[PDB]
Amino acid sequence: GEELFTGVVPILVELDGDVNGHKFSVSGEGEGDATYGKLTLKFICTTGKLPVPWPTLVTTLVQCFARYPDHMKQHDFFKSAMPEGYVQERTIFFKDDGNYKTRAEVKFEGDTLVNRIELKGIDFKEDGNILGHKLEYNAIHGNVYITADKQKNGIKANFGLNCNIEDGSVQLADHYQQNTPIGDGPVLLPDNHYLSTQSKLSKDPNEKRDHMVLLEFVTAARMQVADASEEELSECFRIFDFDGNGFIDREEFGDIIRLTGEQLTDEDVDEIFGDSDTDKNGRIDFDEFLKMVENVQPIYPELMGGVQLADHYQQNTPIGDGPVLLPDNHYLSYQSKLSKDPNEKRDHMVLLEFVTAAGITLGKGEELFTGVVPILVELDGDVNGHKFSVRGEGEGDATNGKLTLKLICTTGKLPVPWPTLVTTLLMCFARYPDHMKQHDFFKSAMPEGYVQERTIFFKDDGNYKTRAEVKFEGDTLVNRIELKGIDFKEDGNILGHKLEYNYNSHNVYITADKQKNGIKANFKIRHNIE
């Protein structure tokens, strides 16, 4: 016990850095107010031009200023180590680039809180997104998951931080953190929890040097099921239970836990599954899931926090009278990269989709997709009376389950966010493994093609109804769509444009519909809000 953080405390930050031999120094000053979770800092590069983007360094450049609510004061390791302070060490893995390693001492000198850091970066690409300065200068946010490290009298933390790339895509930085106290005195060791962190980056008009003004909020939180509605907990469970049978099995848990962060091995996954399946029946029931949400703090905040759910109900029917393949149950694993063509002036979306068939253990018109195949996409839509059109082109590569599209709004400004149309705007380009080729309805209906219909239910907002014909005209695969949307809120997340420009991974669970000579599927899409 000793909260030197009752009122407003002055901060000093000093960083000495070396990334791929490019050395630099940063100095910062400002103030922290713990009782709100508020930091205000200005940082100067004192060595001229900073050889990495400012937002890569935000996390390195004072978690002692977090606001711990009254029910969590006994979980604040950071303040408990003051005034002698703590060592903070990290490794930060930039996906498809290099890594930073950092060591800092955070402590009081007089009445000023000081963060002193050495940072070493290696194996960066000289023209990747970091050394090539291809990151936007925006705002970053995330949740820092804290667990006790009893053996060092400290804490560990892990989190994935996303920063926007200039092309509209998203750069992942995987953080592994360790804190240990400098002095010998007692410290608070916490239950599992997280810091909700928002960072706002701006410039000072009156500063010539390379620099960053930072406004940051940090709030401690701990997920408790008692703080969520039956509806919210049901939804969360259904993300996991994507085959709809009412229980979570090991294959399901595998895929869906890996959406909470990139940091889990097959063994971590076996361990959490084993610990959550309290009666050892090989499935996680609803009650077991409730306790697993408190035990594994990332589950709810990462799957459902700041997320607009979109419930998809889908049906596919052949256009021709020819024989088709009606599959056994299975799913399509989807990953999606959204970006922007820097030379297109119209409102548009570049969409890259990776699609592979899974979920059956090894335990005719396919020939048309051997084959890089050109695509045409045409959508005409009406949402709450707002008319629009999209027209696009690209290519599908079935054997790598890859497709690329550029999609243009030809009616000016698109009155809904582009991500709400991703599922509407080519399942025939899935890669079906060799043991599942007899389960690929989509290719089997080509060249005459299939009708794809859906209803999409945006939680606490309106719905889209869609009908598309997917077929070959010549050597071009064509998706033609009508969409009708009703009962949207004019300032909800769709018509108010409050959805981020990125996309999560999802599994589409497919079952046969023998009575229609087709298939159906239902899946939940998770759209990030802001």
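Numbering starts at 1 and runs along the sequence shown.
Unmodelled deposited residues flanked by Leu309 on one side and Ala310 on the other: Gap between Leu309 and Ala310: none.
Residues of the deposited sequence that sit between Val62 and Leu61 yet are not modelled: Gap between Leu61 and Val62: 1 to 3 unmodelled residues.
Would you determine, from the values in the PDB entry, which of 132-140 and 456-464 has the greater average C-alpha temperature factor? 132-140 has the higher mean C-alpha B-factor.
If you take the mean CA temperature factor per stretch, which one wins between 378-386 and 223-231? Result of the comparison: 223-231.
Per the entry, which of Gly394, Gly449, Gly254, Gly274 tops the list for Cα B factor? That would be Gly274.
Would you mind checking which of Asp174, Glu302, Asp241, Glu126 has the top Cα temperature factor in the PDB entry? If I rank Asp174, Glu302, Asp241, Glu126 by C-alpha B-factor, first place goes to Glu126.
Splitting the chain's C-alpha B-factors into thirds, which one does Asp347 fall into? Lowest third of the chain for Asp347's C-alpha B-factor.
Against its chain's modelled residues, does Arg480's Cα B factor rank lowest, middle or highest third? For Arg480, the deposited C-alpha B-factor lands in the lowest third.
Lowest, middle or highest third - CA B-factor, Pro53: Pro53: CA B-factor falls in the lowest third of its chain.
Ranked against its chain, the third holding the CA B-factor of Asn281: Highest third, going by the recorded CA B-factors of the chain.
How does the C-alpha B factor of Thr102 compare with the rest of the chain: lowest, middle or highest third? Lowest third.
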